[PDB]
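We begin with a single chain expressed as structure tokens, specifically the form deposited in one PDB entry.
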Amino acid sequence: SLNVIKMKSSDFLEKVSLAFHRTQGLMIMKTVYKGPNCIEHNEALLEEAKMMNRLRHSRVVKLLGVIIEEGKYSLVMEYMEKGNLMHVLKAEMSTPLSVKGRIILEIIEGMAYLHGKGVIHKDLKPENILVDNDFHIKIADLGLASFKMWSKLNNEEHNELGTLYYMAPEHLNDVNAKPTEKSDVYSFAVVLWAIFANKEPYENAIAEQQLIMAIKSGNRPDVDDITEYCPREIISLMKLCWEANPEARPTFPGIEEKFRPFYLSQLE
């Protein structure tokens, strides 16, 4: 029941790709490695897929299974029709405030679950917030930031196969700094901004070193760039969550206790 479903390539009728399972239906296959086989790390890879399978929550992307074969390594996850959050925000159909409120709440719920399971995301951004046809979201880890062996497998010498806007300032120009829960909270602040801006931040930045050094100095996404009606409470929340000092930023349970009654009274 709770075990990892080991899948085979032969289960699929027919590198992130859409894939149809013979009984079970339409799925998404992220093929991590294709090349010469090495069975030495298969035990560790499978154990990481077991860890992936344990993280079950309505706002977290479920691993439906894993293909571990001679030379091919793939993760199989559920289909999300509308794609990532930024694709939805940049679309010609404008997403209403009530849905945006629910999205934010769902992101908080999902991040609160993961932190409760001892999982720091390290790489929360609109690209990792997938959206289904009914505008409900699920948090993903598409670049395998939380999963060392699959991440090493992806960047392997024989394998025949990022955005700094949401990264907390403590991690900009500092590879040694160990990510915390508050690292993801910073990212959530900029995602909050993006949701109401309907765009990526820092458009007026001319160079990368300019931007990096500006963010480290205290510079943040422009609140005056928000053309839509964003509430005062949400502007306070993002301002709180993007504080320079990580101790000043709240926890996701902290965010949820404030935001949920606001969503109920105002947004829905």
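If you superpose the two forms and keep the largest set of C-alpha atoms that fall within 1.5 Å, you have the rigid core. Quick note: we count residues from 1 along the sequence shown, nothing fancier.
Note: missing coordinates for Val76 occur in none of the other compared entries bracketing this position, so the one-third threshold is not reached. In the comparison with other entries of the same protein, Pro231 is given coordinates in all of those covering both sides of it, so it never reaches the one-third threshold. Per the record, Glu14 and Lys15 are separated by 10 or more deposited residues that are missing from the model. The modelled chain is continuous from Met93 to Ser94, since every residue of the deposited sequence in that stretch has coordinates. As the entry records it, the average C-alpha temperature factor is higher for 1-9, out of 1-9 and 259-267. Look at the C-alpha B-factors of 249-257 and of 17-25. On average they run higher in 17-25. If you compare the C-alpha temperature factors of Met52, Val61, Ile206, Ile67 in the entry, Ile206 comes out highest.
Ranking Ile215, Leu46, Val32, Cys38 by the C-alpha B-factor listed in the PDB entry places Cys38 at the top.
Residue-level temperature factors show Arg232 in the highest third of its chain, judged at the C-alpha atom. When the modelled residues of the chain are ordered by their C-alpha B factor, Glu81 lands in the lowest third. For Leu161, the recorded CA temperature factor ranks within the highest third of the chain's modelled residues. Per-chain ranking of the deposited C-alpha B factor places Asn176 in the highest third. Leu153: CA B factor lies in the middle third for its chain, per the PDB record.
FYI, the form deposited in another entry isn't displayed, but the following is about it.
Superposing the two forms on their core leaves just one of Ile226, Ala205, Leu240, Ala214 with a Cα displacement of at least 2 Å between this form and the one not shown, namely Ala205.
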